[PDB]
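Listing of coords24.cif, mmCIF, N, CA and C atoms
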data_final
#
loop_
_atom_site.label_atom_id
_atom_site.label_comp_id
_atom_site.auth_asym_id
_atom_site.auth_seq_id
_atom_site.Cartn_x
_atom_site.Cartn_y
_atom_site.Cartn_z
N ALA A 3 -38.33 56.64 10.41
CA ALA A 3 -38.78 55.25 10.39
C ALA A 3 -37.96 54.43 9.40
N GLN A 4 -37.42 53.31 9.88
CA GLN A 4 -36.62 52.45 9.02
C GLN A 4 -37.47 51.85 7.91
N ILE A 5 -36.92 51.81 6.71
CA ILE A 5 -37.56 51.20 5.55
C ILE A 5 -36.70 50.03 5.10
N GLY A 6 -37.26 48.83 5.16
CA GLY A 6 -36.52 47.63 4.85
C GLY A 6 -35.55 47.27 5.96
N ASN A 7 -34.77 46.22 5.71
CA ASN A 7 -33.77 45.76 6.66
C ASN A 7 -32.52 45.38 5.90
N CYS A 8 -31.37 45.90 6.35
CA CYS A 8 -30.10 45.49 5.75
C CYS A 8 -29.90 43.99 5.91
N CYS A 9 -30.24 43.46 7.08
CA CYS A 9 -30.22 42.02 7.34
C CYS A 9 -28.87 41.40 7.02
N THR A 10 -28.87 40.31 6.26
CA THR A 10 -27.65 39.59 5.92
C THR A 10 -27.90 38.78 4.66
N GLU A 11 -26.88 38.04 4.23
CA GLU A 11 -26.91 37.18 3.06
C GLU A 11 -26.37 35.81 3.41
N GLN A 12 -26.93 35.22 4.47
CA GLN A 12 -26.37 34.04 5.12
C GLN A 12 -25.79 33.06 4.10
N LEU A 13 -24.61 32.54 4.41
CA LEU A 13 -23.85 31.69 3.52
C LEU A 13 -23.76 30.29 4.11
N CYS A 14 -24.00 29.28 3.27
CA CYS A 14 -23.85 27.90 3.69
C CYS A 14 -22.37 27.52 3.65
N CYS A 15 -21.91 26.83 4.68
CA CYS A 15 -20.51 26.45 4.81
C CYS A 15 -20.34 25.00 4.38
N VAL A 16 -19.50 24.78 3.38
CA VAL A 16 -19.24 23.45 2.83
C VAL A 16 -17.93 22.94 3.40
N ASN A 17 -17.97 21.71 3.92
CA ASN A 17 -16.80 21.04 4.49
C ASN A 17 -16.85 19.61 3.96
N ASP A 18 -16.11 19.35 2.89
CA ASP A 18 -16.06 18.04 2.26
C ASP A 18 -14.69 17.40 2.47
N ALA A 19 -14.64 16.08 2.31
CA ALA A 19 -13.42 15.31 2.46
C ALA A 19 -13.27 14.38 1.26
N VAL A 20 -12.04 14.21 0.79
CA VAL A 20 -11.73 13.35 -0.34
C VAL A 20 -10.57 12.44 0.03
N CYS A 21 -10.64 11.19 -0.41
CA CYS A 21 -9.60 10.20 -0.16
C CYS A 21 -9.43 9.31 -1.38
N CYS A 22 -8.19 9.02 -1.75
CA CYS A 22 -7.93 8.03 -2.78
C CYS A 22 -6.55 7.42 -2.58
N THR A 23 -6.32 6.31 -3.27
CA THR A 23 -5.06 5.58 -3.21
C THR A 23 -4.52 5.40 -4.62
N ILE A 24 -3.21 5.59 -4.78
CA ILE A 24 -2.57 5.52 -6.08
C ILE A 24 -1.33 4.64 -5.98
N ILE A 25 -0.93 4.10 -7.13
CA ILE A 25 0.30 3.35 -7.28
C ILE A 25 1.33 4.32 -7.85
N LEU A 26 2.24 4.78 -7.00
CA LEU A 26 3.19 5.82 -7.35
C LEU A 26 4.52 5.19 -7.73
N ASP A 27 5.05 5.59 -8.88
CA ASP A 27 6.36 5.18 -9.36
C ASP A 27 7.17 6.44 -9.69
N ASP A 28 8.33 6.23 -10.32
CA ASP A 28 9.19 7.35 -10.68
C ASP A 28 8.58 8.11 -11.86
N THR A 29 8.32 9.40 -11.66
CA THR A 29 7.72 10.25 -12.68
C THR A 29 8.71 11.24 -13.29
N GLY A 30 9.98 11.18 -12.89
CA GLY A 30 10.97 12.08 -13.46
C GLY A 30 10.73 13.54 -13.15
N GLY A 31 10.27 13.84 -11.93
CA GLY A 31 10.07 15.20 -11.51
C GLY A 31 8.78 15.84 -11.96
N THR A 32 7.94 15.12 -12.70
CA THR A 32 6.67 15.67 -13.17
C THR A 32 5.60 15.47 -12.10
N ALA A 33 4.79 16.51 -11.90
CA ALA A 33 3.76 16.48 -10.87
C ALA A 33 2.48 15.87 -11.43
N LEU A 34 2.01 14.80 -10.81
CA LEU A 34 0.76 14.17 -11.21
C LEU A 34 -0.41 14.97 -10.64
N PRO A 35 -1.32 15.48 -11.47
CA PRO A 35 -2.42 16.30 -10.93
C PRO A 35 -3.37 15.45 -10.10
N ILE A 36 -3.68 15.94 -8.90
CA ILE A 36 -4.60 15.28 -8.00
C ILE A 36 -5.88 16.09 -7.81
N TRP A 37 -5.75 17.40 -7.59
CA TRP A 37 -6.91 18.25 -7.37
C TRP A 37 -6.66 19.61 -7.99
N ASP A 38 -7.70 20.18 -8.60
CA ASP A 38 -7.61 21.50 -9.21
C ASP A 38 -8.86 22.29 -8.86
N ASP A 39 -8.72 23.61 -8.85
CA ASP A 39 -9.81 24.52 -8.51
C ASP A 39 -10.26 25.26 -9.76
N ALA A 40 -11.57 25.25 -10.00
CA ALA A 40 -12.17 25.94 -11.14
C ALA A 40 -13.21 26.97 -10.72
N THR A 41 -13.34 27.23 -9.42
CA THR A 41 -14.31 28.18 -8.90
C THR A 41 -13.61 29.46 -8.48
N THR A 42 -14.41 30.44 -8.06
CA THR A 42 -13.91 31.73 -7.60
C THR A 42 -13.91 31.85 -6.09
N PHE A 43 -14.19 30.76 -5.38
CA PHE A 43 -14.24 30.79 -3.93
C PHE A 43 -12.83 30.76 -3.34
N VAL A 44 -12.75 31.00 -2.03
CA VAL A 44 -11.52 30.87 -1.26
C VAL A 44 -11.64 29.58 -0.46
N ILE A 45 -10.68 28.68 -0.65
CA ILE A 45 -10.75 27.32 -0.14
C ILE A 45 -9.62 27.10 0.85
N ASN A 46 -9.96 26.60 2.04
CA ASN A 46 -8.98 26.20 3.04
C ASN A 46 -9.06 24.70 3.25
N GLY A 47 -8.10 24.16 3.98
CA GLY A 47 -8.21 22.76 4.38
C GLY A 47 -6.86 22.15 4.68
N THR A 48 -6.91 20.87 5.04
CA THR A 48 -5.73 20.10 5.39
C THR A 48 -5.52 18.98 4.38
N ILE A 49 -4.26 18.74 4.04
CA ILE A 49 -3.85 17.73 3.07
C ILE A 49 -2.96 16.73 3.79
N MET A 50 -3.28 15.45 3.66
CA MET A 50 -2.53 14.38 4.30
C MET A 50 -2.09 13.37 3.25
N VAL A 51 -0.82 12.97 3.32
CA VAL A 51 -0.24 11.98 2.43
C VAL A 51 0.38 10.89 3.28
N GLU A 52 0.01 9.64 3.02
CA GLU A 52 0.54 8.49 3.75
C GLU A 52 1.15 7.52 2.74
N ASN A 53 2.41 7.15 2.96
CA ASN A 53 3.11 6.24 2.06
C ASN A 53 3.21 4.89 2.75
N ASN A 54 2.40 3.93 2.29
CA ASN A 54 2.33 2.61 2.89
C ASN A 54 3.23 1.59 2.20
N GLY A 55 4.01 2.00 1.20
CA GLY A 55 4.87 1.08 0.49
C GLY A 55 5.86 0.38 1.40
N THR A 56 6.59 -0.59 0.85
CA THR A 56 7.57 -1.32 1.64
C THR A 56 8.65 -0.37 2.15
N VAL A 57 9.10 -0.61 3.38
CA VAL A 57 10.06 0.28 4.01
C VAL A 57 11.42 0.13 3.34
N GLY A 58 12.02 1.26 2.97
CA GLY A 58 13.35 1.27 2.39
C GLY A 58 13.43 0.83 0.95
N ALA B 3 -19.36 16.07 4.31
CA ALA B 3 -19.78 14.78 3.80
C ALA B 3 -18.60 14.02 3.20
N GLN B 4 -18.41 12.78 3.64
CA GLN B 4 -17.32 11.97 3.14
C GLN B 4 -17.51 11.67 1.66
N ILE B 5 -16.41 11.74 0.91
CA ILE B 5 -16.40 11.41 -0.51
C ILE B 5 -15.47 10.23 -0.70
N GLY B 6 -16.02 9.12 -1.18
CA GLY B 6 -15.26 7.89 -1.31
C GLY B 6 -15.01 7.24 0.03
N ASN B 7 -14.24 6.15 0.00
CA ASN B 7 -13.89 5.42 1.20
C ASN B 7 -12.43 5.00 1.10
N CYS B 8 -11.66 5.29 2.15
CA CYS B 8 -10.28 4.81 2.19
C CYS B 8 -10.24 3.29 2.13
N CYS B 9 -11.15 2.63 2.84
CA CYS B 9 -11.31 1.18 2.77
C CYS B 9 -10.00 0.45 3.05
N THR B 10 -9.65 -0.50 2.18
CA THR B 10 -8.46 -1.31 2.36
C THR B 10 -8.06 -1.88 1.00
N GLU B 11 -6.98 -2.66 1.00
CA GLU B 11 -6.44 -3.31 -0.19
C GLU B 11 -6.20 -4.79 0.10
N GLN B 12 -7.24 -5.45 0.61
CA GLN B 12 -7.13 -6.79 1.19
C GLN B 12 -6.15 -7.66 0.42
N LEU B 13 -5.31 -8.37 1.16
CA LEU B 13 -4.22 -9.17 0.61
C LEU B 13 -4.50 -10.64 0.87
N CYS B 14 -4.31 -11.46 -0.16
CA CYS B 14 -4.43 -12.90 -0.01
C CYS B 14 -3.16 -13.46 0.61
N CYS B 15 -3.32 -14.36 1.57
CA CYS B 15 -2.19 -14.93 2.29
C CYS B 15 -1.88 -16.31 1.72
N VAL B 16 -0.65 -16.48 1.25
CA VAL B 16 -0.19 -17.72 0.64
C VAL B 16 0.63 -18.49 1.66
N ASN B 17 0.29 -19.77 1.84
CA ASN B 17 0.98 -20.67 2.76
C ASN B 17 1.16 -21.98 2.00
N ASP B 18 2.34 -22.16 1.41
CA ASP B 18 2.66 -23.35 0.64
C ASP B 18 3.71 -24.19 1.36
N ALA B 19 3.78 -25.46 0.99
CA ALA B 19 4.73 -26.40 1.56
C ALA B 19 5.44 -27.14 0.43
N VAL B 20 6.73 -27.40 0.62
CA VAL B 20 7.55 -28.10 -0.37
C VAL B 20 8.32 -29.20 0.34
N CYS B 21 8.45 -30.35 -0.32
CA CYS B 21 9.18 -31.49 0.21
C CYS B 21 9.92 -32.19 -0.93
N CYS B 22 11.17 -32.58 -0.68
CA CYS B 22 11.88 -33.42 -1.63
C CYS B 22 12.94 -34.23 -0.89
N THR B 23 13.46 -35.24 -1.58
CA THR B 23 14.49 -36.13 -1.06
C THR B 23 15.66 -36.15 -2.02
N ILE B 24 16.87 -36.12 -1.47
CA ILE B 24 18.09 -36.06 -2.26
C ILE B 24 19.08 -37.11 -1.75
N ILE B 25 19.99 -37.50 -2.63
CA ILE B 25 21.10 -38.38 -2.30
C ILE B 25 22.30 -37.47 -2.07
N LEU B 26 22.67 -37.28 -0.81
CA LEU B 26 23.70 -36.33 -0.43
C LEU B 26 25.01 -37.06 -0.22
N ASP B 27 26.07 -36.56 -0.85
CA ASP B 27 27.43 -37.05 -0.69
C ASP B 27 28.34 -35.88 -0.31
N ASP B 28 29.64 -36.13 -0.31
CA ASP B 28 30.60 -35.09 0.03
C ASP B 28 30.71 -34.08 -1.11
N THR B 29 30.43 -32.82 -0.81
CA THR B 29 30.46 -31.75 -1.79
C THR B 29 31.65 -30.81 -1.62
N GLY B 30 32.54 -31.10 -0.67
CA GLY B 30 33.71 -30.26 -0.47
C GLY B 30 33.39 -28.85 -0.03
N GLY B 31 32.39 -28.69 0.82
CA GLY B 31 32.04 -27.39 1.36
C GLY B 31 31.18 -26.53 0.47
N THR B 32 30.81 -27.00 -0.72
CA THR B 32 29.98 -26.23 -1.63
C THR B 32 28.51 -26.45 -1.30
N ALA B 33 27.75 -25.36 -1.32
CA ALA B 33 26.33 -25.41 -0.97
C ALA B 33 25.50 -25.75 -2.20
N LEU B 34 24.75 -26.84 -2.12
CA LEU B 34 23.86 -27.22 -3.21
C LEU B 34 22.59 -26.38 -3.14
N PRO B 35 22.25 -25.63 -4.19
CA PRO B 35 21.06 -24.77 -4.11
C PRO B 35 19.79 -25.61 -4.05
N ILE B 36 18.92 -25.27 -3.09
CA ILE B 36 17.65 -25.94 -2.92
C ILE B 36 16.48 -25.01 -3.23
N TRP B 37 16.52 -23.78 -2.71
CA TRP B 37 15.44 -22.83 -2.93
C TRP B 37 16.02 -21.43 -3.05
N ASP B 38 15.46 -20.65 -3.97
CA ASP B 38 15.89 -19.27 -4.18
C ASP B 38 14.66 -18.39 -4.34
N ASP B 39 14.82 -17.11 -3.99
CA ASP B 39 13.74 -16.14 -4.06
C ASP B 39 14.01 -15.16 -5.19
N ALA B 40 13.01 -14.95 -6.05
CA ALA B 40 13.11 -14.02 -7.16
C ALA B 40 12.03 -12.95 -7.11
N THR B 41 11.26 -12.87 -6.03
CA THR B 41 10.19 -11.90 -5.88
C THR B 41 10.62 -10.80 -4.91
N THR B 42 9.76 -9.80 -4.76
CA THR B 42 9.99 -8.68 -3.87
C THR B 42 9.22 -8.80 -2.56
N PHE B 43 8.59 -9.95 -2.32
CA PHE B 43 7.80 -10.14 -1.11
C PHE B 43 8.71 -10.45 0.08
N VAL B 44 8.12 -10.42 1.27
CA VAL B 44 8.78 -10.84 2.50
C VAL B 44 8.23 -12.21 2.86
N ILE B 45 9.12 -13.19 2.99
CA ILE B 45 8.75 -14.59 3.12
C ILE B 45 9.21 -15.10 4.47
N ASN B 46 8.30 -15.74 5.20
CA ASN B 46 8.61 -16.41 6.45
C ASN B 46 8.38 -17.91 6.29
N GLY B 47 8.82 -18.68 7.27
CA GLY B 47 8.47 -20.09 7.28
C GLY B 47 9.46 -20.91 8.07
N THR B 48 9.19 -22.22 8.09
CA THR B 48 10.00 -23.19 8.81
C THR B 48 10.66 -24.15 7.83
N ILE B 49 11.91 -24.50 8.13
CA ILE B 49 12.72 -25.38 7.31
C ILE B 49 13.09 -26.59 8.15
N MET B 50 12.83 -27.79 7.63
CA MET B 50 13.11 -29.03 8.32
C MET B 50 13.99 -29.91 7.44
N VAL B 51 15.03 -30.48 8.05
CA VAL B 51 15.96 -31.38 7.38
C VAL B 51 16.02 -32.67 8.20
N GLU B 52 15.80 -33.80 7.54
CA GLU B 52 15.84 -35.11 8.18
C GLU B 52 16.84 -35.98 7.44
N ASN B 53 17.80 -36.54 8.16
CA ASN B 53 18.83 -37.39 7.57
C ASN B 53 18.52 -38.83 7.93
N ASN B 54 18.03 -39.59 6.95
CA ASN B 54 17.62 -40.97 7.15
C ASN B 54 18.71 -41.98 6.80
N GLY B 55 19.90 -41.52 6.43
CA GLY B 55 20.98 -42.42 6.07
C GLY B 55 21.34 -43.38 7.18
N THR B 56 22.22 -44.33 6.89
CA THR B 56 22.63 -45.30 7.89
C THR B 56 23.33 -44.59 9.05
N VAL B 57 23.08 -45.08 10.26
CA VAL B 57 23.61 -44.44 11.46
C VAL B 57 25.11 -44.66 11.53
N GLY B 58 25.86 -43.57 11.74
CA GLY B 58 27.29 -43.65 11.91
C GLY B 58 28.08 -43.86 10.64
#
Starting from the file, give its structure as C-alpha cells.
Amino acid sequence: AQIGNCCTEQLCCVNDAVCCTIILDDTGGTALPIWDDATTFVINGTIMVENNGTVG
Amino acid sequence: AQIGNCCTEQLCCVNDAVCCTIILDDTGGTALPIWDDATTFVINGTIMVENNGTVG
C-alpha cells in the first residue's frame, strides 16, 4: 500500500517585460549597466534595441 | 506583466515666419547673407521674394 504521494512541487512561471529610453552619447568603450541578475534562477528572454536618433 | 511604458517623447512643432525689406543694388555676383542655420534640426519651409522696384 502506497504511503504518501511523491506528487510535484508546482512552479509559478514569471514572464515580465521591461522598457526604457536613454540618451546615448560616446562612452569611450565603457558599457553602461542596464540590467543585472542577483538571483540563483535561470533566466531566458529576448532583448531588443531600437536607435531612433537622427539618421547618419 | 508590463513594467513601465514605452510611451513617446512628444515634440513641439515650431512654425515661425520672418519678413524684411532691403535696398538691393549691384553686388557683383556676391550673395548677401539673409538667413543661416546653426542648429542640428531639419528645417522646412517656403521662401518668397518680391521685387517692388521701378519696372524696367
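Contacts from chain A to chain B at a cut-off of 6.5 Å (all atoms listed in the file) map to residues 17, 18, 19, 20, 21 and 22 of chain A.
CA of residue 53 in chain B is found 18.3 Å from CA of residue 32 in chain B.
We find CA of residue 25 in chain A and CA of residue 12 in chain B to be spaced 15.2 Å apart.
Counting from CA of residue 26 in chain A, the distance to atom N of residue 48 in chain A is 22.0 Å.
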